[PDB]
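Heads up, the thing below is written out as structure tokens.
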Amino acid sequence: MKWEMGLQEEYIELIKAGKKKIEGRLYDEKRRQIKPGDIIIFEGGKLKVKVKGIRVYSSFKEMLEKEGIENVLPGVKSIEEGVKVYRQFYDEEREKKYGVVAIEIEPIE
């Protein structure tokens, strides 16, 4: 399957460069249908990636600690800062309701 989802510009570059190897998202209805082998089209075609793995957590904090913040949000020095990044996109109620998913990705040329 091929899935479409938005992605901020700064992350598009980090993924292409091989620094950002994980895409964190709310494990919501849309994300609950993704499996390794699928393809994700980011920000209207600015980047295409292959899904290599799916790991679900109860929170962004736990996801970041297990996946390694440098592999998810390159440059962010602390887990607290990492959680803040996600809070700008996802509220705590949604996080508690759906859980969080770490999508292992590989850029497609």
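Count the sequence shown with PDB author numbering and you get residues 1 to 109, in order. Beta carbons are placed, not taken as given, at the ideal position from N, Cα and C, and that holds for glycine.
Pull up the distance between the alpha-carbon of residue 100 and that of residue 109, whole angstroms please. Translated into positions along the sequence shown, residue 100 becomes position 100. Translated into positions along the sequence shown, residue 109 becomes position 109. Each residue's alpha carbon lies about 28 angstroms from the other.
Leaving out five residues before and five after residue 76 in sequence, what residues of the same chain have Cβ atoms less than 6 angstroms from its Cβ? Mapped onto the sequence shown, residue 76 falls at position 76. The beta carbon of residue 76 sits closer than 6 angstroms to those of 69, 82, all from its chain and outside the five residues before and after it, given in chain order.
Same chain only: Cβ atoms within 6 angstroms of residue 6, ignoring 5 sequence neighbours per side: Stepping through the sequence shown from its first residue, residue 6 is reached at position 6. Excluding sequence neighbours, residue 6 sits near 43.
In its own chain, which residues sit with a C-beta less than 6 angstroms from the C-beta of residue 86, not counting the 5 before and 5 after it? Taking the first residue of the sequence shown as 1, we reach residue 86 at position 86. Contacts found: 60.
Which of helix, strand or coil does DSSP assign to residue 35? The residue you call residue 35 lines up with position 35 of the sequence shown. Coil, per DSSP.
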